[PDB]
């Protein structure tokens, strides 16, 4: 192919930080592929050159580039065991659950070869514990088959947090209570901070919300964006759930980064009954959001005129 590229492929593989800098400065294509699809980011990730990886990425390297077998730079780092590269690639937008021609993901490789910190990093970044390859093997199975027993414990723990979260997402109340009784954490979170209570509120499943609150769930749990279960219920329009949440101690005047309270949110779509309950528990109508609008001002901007006639009387 290109001449400046073949020099960038071998320069990155050799670890020549200065040669890569000059080749990219002179005008070398950062995403040139070899006979079997490997790019300079593949080679620097396979040989463990953190400096070159950070250089190629700043010049616009495809983080999630595939090869002939479907392997990405994260598959390689997960295989070789380079933690810092896994961390740099993830922070640049790598596919955590990228799979190859047989369904192998970076967590299969990390668990198979006993790379602990990578198994832990991949899980924080949302790696699918239940993921299987085309032969039905999970990361837990590989860790077991290769004597990585502590990794198997961690993967089994993560598999249980996953079973509770998915039960709140689309499971029966019985399963949620079985998992709790059998030692599942009500405050378990996913990669984005969602608890079983967040997922239950959105779903509208009162029965599950009650069980979680009963067995210790945090009513004021914030996710990656600062969202609580009360604000989700208040916006979506789950009256009954807004009631048990406030019963179990949910803060009515809690506001996110934009200064939005549950009262502000119920006024978007005009949930009359929800606003009644909120004001009962002491929702402040003087509260102003990041723009300065009160719950009253929102009802006007959304045409929910029946709701605005209630707030003007107070303020």
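Positions refer to the first chain, counted from 1.
As listed in the deposited structure, the average C-alpha B-factor of 30 to 38 and of 265 to 273 is greater for 30 to 38. Remark: residue 182 belongs to the highest third of its chain, ranked by C-alpha B-factor as recorded. Split the chain's modelled residues into thirds by C-alpha temperature factor. Residue 223 is in the lowest one. When the CA B factors of the chain's modelled residues are split into thirds, the value for residue 169 lands in the highest one. In this PDB entry, the Cα temperature factor of residue 88 sits in the top third of its chain's modelled residues, the highest group. Per the deposited record, the Cα B-factor of residue 133 falls in the middle third when ranked against the other modelled residues of its chain.
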